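What follows is one structure encoded as structure tokens, with my remarks underneath.
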Amino acid sequence: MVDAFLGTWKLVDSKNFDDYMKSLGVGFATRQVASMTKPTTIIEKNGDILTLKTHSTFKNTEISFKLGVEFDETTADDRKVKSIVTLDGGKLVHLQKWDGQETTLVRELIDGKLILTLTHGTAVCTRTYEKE
Ligand SMILES: CCCCCCCC/C=C\CCCCCCCC(=O)O
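Everything in the sequence shown is counted per PDB author numbering, starting at 0 for the first residue and increasing by one.
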């Protein structure tokens, strides 16, 4: 089930996010702001549709999707990607594909905390979110 991911989460730790952003071609100015931003992520369900909001003082995003069904997404850094989200080993796995590249955004619950692992190229970033 997806239900233990649901709720409101705030960033409390981040490792290697600059590497991840630079691997995606994000410019220095955006990387600078992003290194100091602590987003709030809200994940809600209505039937088979999940909505994931990411809010901050610089950028906001919102996506709605059905697990296992491709959707178009315009990311926070303005990539237009083809996305699919699924549950795999109890993790929420979001795969983005564009121009032959791939990145994964994988969420795992460990001791009530939401660990987001971002992988692109050789860059691996780990972000820790705490429940609200
Ligand atoms: C909507 C705010 C999320 C972060 C704000 C600024 C980041 C913009 C630059 C790179 C984004 C790369 C893809 C999105 C990263 C998601 C990180 C997260 O949810 O913690």
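All C-beta atoms, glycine included, are put in the ideal place defined by N, C-alpha and C.
In this structure, residue 93 sits away from residue 86, with a CB-CB distance that is not shorter than 8 Å.
Fully enclosed beta strand (DSSP E) runs of no fewer than 3 residues occupy 39-45, 48-54, 60-65, 70-73 of the region 9-76, in order along the chain.
Boundaries of the beta strand (DSSP E) harbouring residue 122: 122-130, taken from the DSSP string.
Going by C-alpha positions, residue 111 is about 32 Å away from residue 79. Judged by DSSP secondary structure, residue 105 falls within the beta strand (DSSP E) whose first and last residues are 100-109. Residue 73 counts as exposed, since fewer than 16 other C-beta atoms from the protein chains shown sit within 10 angstroms of its C-beta. Look at the beta carbons and you see the region 4-20 touching the region 110-127: at least three pairs across the two are nearer than 8 Å. Here residue 4 is buried, its C-beta having at least 16 other C-beta atoms within 10 Å. Inclusion of residue 76 in the 7 Å shell around ligand 1 follows from its C-beta lying nearer than that to a non-hydrogen atom of the ligand. When the five nearest sequence neighbours on each side are left out, the beta carbons in the same chain lying within less than 7 Å of the beta carbon of residue 42 are those of 4, 5, 6, 49, 51, in order along the chain. Burial check for residue 82: the Cβ neighbour count within 10 Å reaches 16 or more, so the residue is buried. A residue is called buried once 16 or more other Cβ atoms fall within 10 Å of its Cβ, and residue 95 is buried on that count. Excluding five sequence positions before and after residue 70, the CB atoms of its chain that fall closer than 6 Å to its own CB belong to 64, 82, given in chain order.
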